[PDB]
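Novice: Before we start, here is the structure in question, set down as C-alpha cells.
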Amino acid sequence: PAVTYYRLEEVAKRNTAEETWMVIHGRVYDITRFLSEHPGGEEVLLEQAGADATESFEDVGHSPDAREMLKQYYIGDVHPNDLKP
Ligand code: HEM
C-alpha cells in the first residue's frame, strides 16, 4: 500500500487561502478549491486552516453527503506519532 504520511507541523504551514489544508479524523484534506464552494462559507474553514478540525466538523452535524464529499480532497494520513490518545 502507498499511503502518504504528513507530520502535523507540515499541515500547520498550509494555513492561508493560497494553500489550505485541514485534518479531520486523522486524515489530511487539501480544501483549497472547496473554500468558495462550501455551503457554510469560507470563513469558518480559514479559521481552522492548518489545524485538526474534527470537533467543529462533527459539532456542526454534517450530512452523509457532506462526508462523501471529503473523498475528493483526501491527500494523506497524519503520521501516527502525531495522533493524540
Ligand atoms: C472541509 C470539509 C467540509 C466539507 C466537505 C463540508 C461540507 C458541507 C456541506 C456539504 C454543507 C451543507 C449541509 C450538509 O450537507 O450537511 C455544509 C454546511 C456547513 N458547514 Fe461544512 N463542510 C466541511 C467543513 C466544515 C468545517 C471545518 C466547519 C467549521 C465549523 C463547517 C461548518 C459548516 C456550517 C456552519 C454549515 C451550515 C450548516 C447548515 O445550516 O446546513 N464545515 N458543509
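By convention in this document, the chains of the C-alpha cells carry letters A, B, ... by their order, each chain's residues are numbered from 1, and ligands are numbered from 1 in the order they are shown.
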What residues have any atom no more than 10 Å from ligand 1 when counting only C-alpha atoms and all ligand atoms, and can you list them as a compact mmCIF listing (two decimals) with C-alpha atoms, in the first residue's frame?
Specialist:
# COMPACT_ATOMS: atom_id res chain seq x y z
CA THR A 20 -5.39 25.39 2.71
CA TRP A 21 -5.05 22.03 4.50
CA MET A 22 -7.12 20.65 7.30
CA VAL A 23 -7.13 17.50 9.44
CA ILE A 24 -10.35 15.58 10.06
CA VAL A 28 -5.25 15.38 5.73
CA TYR A 29 -7.50 17.15 3.21
CA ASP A 30 -6.47 19.86 0.78
CA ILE A 31 -9.60 22.00 0.63
CA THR A 32 -8.08 24.96 -1.21
CA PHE A 34 -13.52 24.00 -1.96
CA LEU A 35 -13.36 27.31 0.02
CA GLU A 37 -17.99 26.22 -2.71
CA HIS A 38 -18.57 25.36 0.97
CA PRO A 39 -22.23 25.87 1.97
CA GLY A 40 -21.24 27.16 5.41
CA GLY A 41 -18.95 29.85 3.88
CA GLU A 42 -15.20 30.25 3.53
CA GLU A 43 -14.53 32.00 6.86
CA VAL A 44 -15.29 29.07 9.17
CA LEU A 45 -12.80 26.97 7.14
CA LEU A 46 -9.99 29.58 7.10
CA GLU A 47 -10.35 29.98 10.90
CA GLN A 48 -9.44 26.35 11.16
CA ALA A 49 -6.92 26.07 8.31
CA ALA A 51 -5.29 22.51 12.23
CA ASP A 52 -7.31 19.46 13.34
CA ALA A 53 -10.91 20.48 12.69
CA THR A 54 -12.62 17.20 13.62
CA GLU A 55 -14.63 18.59 16.56
CA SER A 56 -16.01 21.56 14.69
CA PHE A 57 -16.81 19.38 11.70
CA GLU A 58 -18.70 16.92 13.91
CA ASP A 59 -20.33 19.64 16.10
CA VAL A 60 -22.00 21.17 13.06
CA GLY A 61 -23.75 17.92 12.33
CA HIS A 62 -22.72 17.44 8.68
CA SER A 63 -24.92 15.25 6.46
CA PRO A 64 -23.89 11.90 4.96
CA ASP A 65 -23.49 13.69 1.64
CA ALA A 66 -21.03 16.17 3.21
CA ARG A 67 -18.90 13.17 4.47
CA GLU A 68 -18.90 11.75 0.95
CA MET A 69 -17.52 15.00 -0.47
CA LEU A 70 -14.37 14.55 1.66
CA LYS A 71 -13.02 11.88 -0.57
CA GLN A 72 -12.31 14.33 -3.33
CA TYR A 73 -9.89 16.26 -1.13
CA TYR A 74 -8.05 13.40 0.57
Novice: I want to know what sits within 7 Å of segment 9-12 of chain A, based on only C-alpha atoms, with residues of the same chain fewer than 2 positions away left out; could you give that as a PyMOL selection string?
Specialist: chain A and resi 6-7+14-15+21+50-51
Novice: Based on the selection just made, write N, CA, C and O atoms of those residues as an mmCIF file, in the first residue's frame.
Specialist:
data_model
loop_
_atom_site.group_PDB
_atom_site.id
_atom_site.type_symbol
_atom_site.label_atom_id
_atom_site.label_comp_id
_atom_site.auth_asym_id
_atom_site.auth_seq_id
_atom_site.Cartn_x
_atom_site.Cartn_y
_atom_site.Cartn_z
ATOM 1 N N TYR A 6 1.985 12.701 6.504
ATOM 2 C CA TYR A 6 2.371 14.061 6.791
ATOM 3 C C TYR A 6 2.472 14.253 8.286
ATOM 4 O O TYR A 6 1.634 13.738 9.037
ATOM 5 N N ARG A 7 3.471 15.009 8.725
ATOM 6 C CA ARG A 7 3.542 15.387 10.149
ATOM 7 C C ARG A 7 2.601 16.578 10.378
ATOM 8 O O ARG A 7 2.364 17.339 9.454
ATOM 9 N N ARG A 14 0.106 25.108 5.856
ATOM 10 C CA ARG A 14 -0.870 25.406 4.816
ATOM 11 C C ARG A 14 -2.080 26.028 5.560
ATOM 12 O O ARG A 14 -3.180 25.439 5.650
ATOM 13 N N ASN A 15 -1.867 27.212 6.116
ATOM 14 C CA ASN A 15 -2.924 27.836 6.877
ATOM 15 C C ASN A 15 -3.470 29.119 6.263
ATOM 16 O O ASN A 15 -4.149 29.892 6.959
ATOM 17 N N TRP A 21 -4.894 23.454 4.129
ATOM 18 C CA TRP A 21 -5.048 22.034 4.498
ATOM 19 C C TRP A 21 -5.766 21.942 5.846
ATOM 20 O O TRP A 21 -5.766 22.896 6.654
ATOM 21 N N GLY A 50 -5.007 24.571 8.580
ATOM 22 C CA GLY A 50 -3.746 24.121 9.171
ATOM 23 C C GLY A 50 -3.837 23.354 10.471
ATOM 24 O O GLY A 50 -2.820 22.933 11.016
ATOM 25 N N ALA A 51 -5.056 23.151 10.956
ATOM 26 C CA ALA A 51 -5.290 22.514 12.232
ATOM 27 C C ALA A 51 -6.198 21.256 12.130
ATOM 28 O O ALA A 51 -6.725 20.913 11.046
#
Novice: DSSP on the backbone, then: every residue of chain A marked strand (DSSP E or B), written as a list in words.
Specialist: residues 5, 6, 15, 16, 19, 20, 21, 22, 23, 24, 27, 28, 29, 30, 52, 74, 75, 76, 77 and 78 of chain A
Novice: Report as a ChimeraX atom specification: the residues of chain A with a DSSP assignment of alpha helix (DSSP H), based on the backbone of this structure.
Specialist: /A:8-11,43-46,54-60,64-70
Novice: Taking 4 positions as the minimum chain separation for residues in the same chain, which residues sit within 12 Å of residue 85 of chain A when counting only C-alpha atoms? Answer as a ChimeraX atom specification.
Specialist: /A:26,80-81
Novice: Okay, now the selection with N, CA and C atoms, as a PDB file, in the first residue's frame?
Specialist:
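Result written to part24.pdb:
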ATOM      1  N   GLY A  26      -7.893  12.318  11.616  1.00  0.00           N
ATOM      2  CA  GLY A  26      -6.593  11.730  11.343  1.00  0.00           C
ATOM      3  C   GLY A  26      -6.166  11.675   9.893  1.00  0.00           C
ATOM      4  N   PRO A  80       1.299   8.480  12.539  1.00  0.00           N
ATOM      5  CA  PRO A  80       0.776   8.020  13.825  1.00  0.00           C
ATOM      6  C   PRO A  80       1.430   8.619  15.094  1.00  0.00           C
ATOM      7  N   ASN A  81       2.684   9.075  15.034  1.00  0.00           N
ATOM      8  CA  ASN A  81       3.298   9.660  16.233  1.00  0.00           C
ATOM      9  C   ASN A  81       2.647  10.989  16.594  1.00  0.00           C
TER      10      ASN A  81
END
Novice: Between atom CA of residue 1 of chain A and atom CA of residue 27 of chain A, what is the distance, to one decimal in Å?
Specialist: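 According to the coordinates, atom CA of residue 1 of chain A and atom CA of residue 27 of chain A are separated by 15.9 Å.
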Novice: Work out how far apart atom CA of residue 82 of chain A and atom CA of residue 4 of chain A are and give it in Å to one decimal.
Specialist: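 Between atom CA of residue 82 of chain A and atom CA of residue 4 of chain A the gap is 14.4 Å.
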Novice: Can you pull out the residues contacting residue 3 of chain A? Cut-off 10 Å, using only C-alpha atoms, and skip same-chain residues under 4 positions away; I want them as a list in words.
Specialist: residues 75, 76 and 77 of chain A
Novice: Counting only C-alpha atoms, figure out which residue out of A:8, A:18, A:2, A:79 gets nearest to residue 33 of chain A.
Specialist: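 Under the stated criterion, the closest residue is A:18.
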